[PDB]
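Here's a solo chain for you in structure tokens, the form deposited in one PDB entry.
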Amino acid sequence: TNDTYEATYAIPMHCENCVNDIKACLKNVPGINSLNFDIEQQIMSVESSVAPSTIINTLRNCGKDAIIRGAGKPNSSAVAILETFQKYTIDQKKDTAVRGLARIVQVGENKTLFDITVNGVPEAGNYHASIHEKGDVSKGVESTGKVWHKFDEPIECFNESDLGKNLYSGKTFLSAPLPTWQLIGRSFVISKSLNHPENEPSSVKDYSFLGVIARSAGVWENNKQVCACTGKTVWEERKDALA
């Protein structure tokens, strides 16, 4: 079981039993080689073959809220936020465009893990992930060129979404002999053939969301905490209240 990678998650742990509960919360999660608690900087370093989502969710269902801050050797991990590039008749009027996330981690000289999550698709069903030639999302999936690699495990979206009472979600933990260096810069696409393409006022055939595969900070590689902003005006705030 070489497919292990190290990840660091920030979780508050400055209470009497905080750590013990985390230790407890993950005790049954198969696939975890080790946990390290740096109580000082309140960070949990985790060695495993598990999907980051698994770690983050197992903890959520236990009230503990963890925030991943790094994963893998530097330059061994990537992230791809999956968004739609047009609105569908089946989407909701006031929705944003995010639909899923592909968190990539290299675990072998030639083998990377893919923690694919989809939360909130309007049409239940089996979606298909694949990596496309280009990381150009200027014209949606069209501007991404031909397929670079097609995954086979489907992404079953039938579970109920915490977002909407009738939205769906899914997840799938794939693995491919694709090194991270050939992945970054390209695009990750998840799409399904629409059940009724007839109802979309456009030549649209598939319901798809994608994103360019970006570089993610490796374990202990990024310590940015906050960031620049301005404002917080009361006179500005009033004008907004009386528009």
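Residues that one form lacks are left out of the comparison. If you superpose the two forms and keep the largest set of C-alpha atoms that fall within 1.5 Å, you have the rigid core. Numbering starts at 1 and follows the sequence shown.
The next section is about a form of this same protein that is not shown, the form deposited in another entry.
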property: Sense of CA distance change between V50 and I116 in the other form, threshold 3 Å; result: farther
property: Inter-Cα distance between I56 and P122 in the other form, nearer or further [3 Å or more]; result: farther
property: Consecutive stretches, 3 or more residues long, displaced between this form and the one not shown (C-alpha shift of at least 2 Å once the core is aligned); result: 1-72, 93-95, 218-220
